[PDB]
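Structure record follows, encoded as structure tokens.
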Amino acid sequence: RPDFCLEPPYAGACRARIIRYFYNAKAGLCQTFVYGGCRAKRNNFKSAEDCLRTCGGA
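Per the authors' numbering, residue 1 is the first one in the sequence shown, and the count goes up by one each step.
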């Protein structure tokens with residue numbers, strides 16, 4: 001699995017409330033989180049499908 005998928009979700013410092021997905025590697029699930037709109041890291045997807053396609057293979 002890609003290393004960036006193992007990183008914790010990153011809201012960042014900005015003040016928007018944008019629902020995004022991250023791969024939760026303990027759960028083995030893509031989950032939602034609130035992204036603030038700046039400085040996104042890579043474990044931050046616009047859909048569950050994109051998250052799972054990227055992060056959701058061994």
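From the three backbone atoms N, C-alpha and C, an ideal C-beta is built for every residue, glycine too.
Taken through DSSP and simplified to helix, strand or coil, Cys30 comes out as strand. With respect to the 8 Å criterion, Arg1 and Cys38 are not classified as neighbours on the basis of their beta carbons. Across the set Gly36, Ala27, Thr32, the C-alpha of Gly36 shows the shortest separation from the C-alpha of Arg17. Contact between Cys51 and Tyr10 does not hold, since the beta-carbon distance rounds to 14 Å and is not under 8 Å.
In this structure, the straight-line span from the alpha carbon of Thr32 to that of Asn24 is close to 10 Å.
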